[PDB]
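Take a look at this single chain, the form deposited in one PDB entry, given in structure tokens.
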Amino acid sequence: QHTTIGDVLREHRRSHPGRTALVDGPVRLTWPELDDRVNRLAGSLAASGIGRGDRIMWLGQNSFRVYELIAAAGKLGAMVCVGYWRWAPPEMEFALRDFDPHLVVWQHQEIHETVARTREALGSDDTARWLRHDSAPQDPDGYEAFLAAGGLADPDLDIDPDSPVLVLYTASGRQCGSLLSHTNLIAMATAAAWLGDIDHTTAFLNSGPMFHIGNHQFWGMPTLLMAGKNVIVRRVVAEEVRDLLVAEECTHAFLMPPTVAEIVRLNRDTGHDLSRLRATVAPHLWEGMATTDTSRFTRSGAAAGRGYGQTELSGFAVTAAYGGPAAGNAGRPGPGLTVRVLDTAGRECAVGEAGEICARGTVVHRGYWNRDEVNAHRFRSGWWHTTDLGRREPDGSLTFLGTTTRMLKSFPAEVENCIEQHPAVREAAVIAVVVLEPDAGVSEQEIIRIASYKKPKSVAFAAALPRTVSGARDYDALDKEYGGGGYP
């Protein structure tokens, strides 16, 4: 009987009878209050037929209710998919038909237009109960009234913690729902508690999106595991965030640089105490208004990106924080993971040789929802295949080179990377389009470590790279411009 998420809540209610667990605007909950609510919720779920292996889709922004649902589903051996709130109806429809939830918890604010249309496209296939979460607390088709109708008795079920409990859709087109078990999350949060020096006094601002692994690992689940206080913001607004930092005495946040600079300018000279916040990302941009984190997470450079990982490995499973100075850009595996770089023929690559990053261990997810064939192939031979490219340095460390999905017939990323190991190059795209540093300047011929055949026969130069509306690299934009066709 291994520890489940349910056990974690049942222990914190007895061990921390008066400490704040969740805060969400006006709502505040101690661990007892939360466990009672999770028990009510789990009562009404078991009432509506939800049990082992059943499925729930959250369709909204960040909410304290996400944590509650996860716990309740966990206590029944069910799973919650925290879906993408910005999905247009085609994608939203796809996920619904894919994940096939028995119940859909949804948000009116912001997306009701899209939600409404999508249900109409589903028509008579929409055999799921929908509860509005941001409803008036009386609403009969409402979350709060769904929960209140349940009783306080913990269902006390013997749940296999290897059963999935959190499903994250991972984003070459098609989206797939990664199955993260109770064990995946607890193994992740214990690792993370060591990286961050996280404890019961940790107050963490959930300003990162819960539809994605980032916010969960740093630091949602570890804060939760160690009994810290998780504070929820629906949206990131610099003023409100800055305000919560003071009010909840927050020690950690999930903040991106543009937000931070917004808080800095805005807080300057007003004298509010932001010194309790341990800043992880880009410490200098705070100027000193907050305290520079000295946990291994920041010290090592993992906070700035020194690491490798993915949703399917419960997030950031390899960092410069495990094992010390590393020549490679990602560091080494933390505990609960073993990695090997494998070539085409499934054999271990030699030191320096590039291949696919493959993993086994406790942090490796359970597979994708409803992807039998992709799972069989990705789990071949008792290794999870990440589809990412890497190599081992002689010092032991690992280097993340890029993806293996983008391919050229006899890998681009491998050379994209080699090219970006020129001081004059800022970034490169190989199909070899090149964006140079503003100050440097170098010959196409100097550009042209790798093998006789792998080098391209041409190098264009751009002011920057094309990019999608999300801001990620846009390749099919410049497959056109520079002659890109014939792809295997």
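So that there is no doubt, residue numbering starts at 1 and follows the sequence shown. C-alpha atoms forming the largest set that superposes within 1.5 Å between two forms make up the rigid core.
What follows is about the form deposited in another entry, which we do not show.
Asker: Answer yes if the CA of residue 241 moves 2 Å or more between the shown form and the other one after aligning the rigid core, and no otherwise.
Answerer: Residue 241: C-alpha displaced by less than 2 Å between the shown form and the other one.
Asker: Does residue 291 count as moved between the shown form and the other one, where moved means a C-alpha shift of 2 angstroms or more after fitting the rigid core?
Answerer: No.
Asker: How does the CA gap of residue 308 and residue 479 change in that other deposited form versus this form, closer or farther, if it moves 3 angstroms or more?
Answerer: Closer is correct, given that in that other deposited form the C-alpha spacing of residue 308 to residue 479 is reduced by at least 3 Å.
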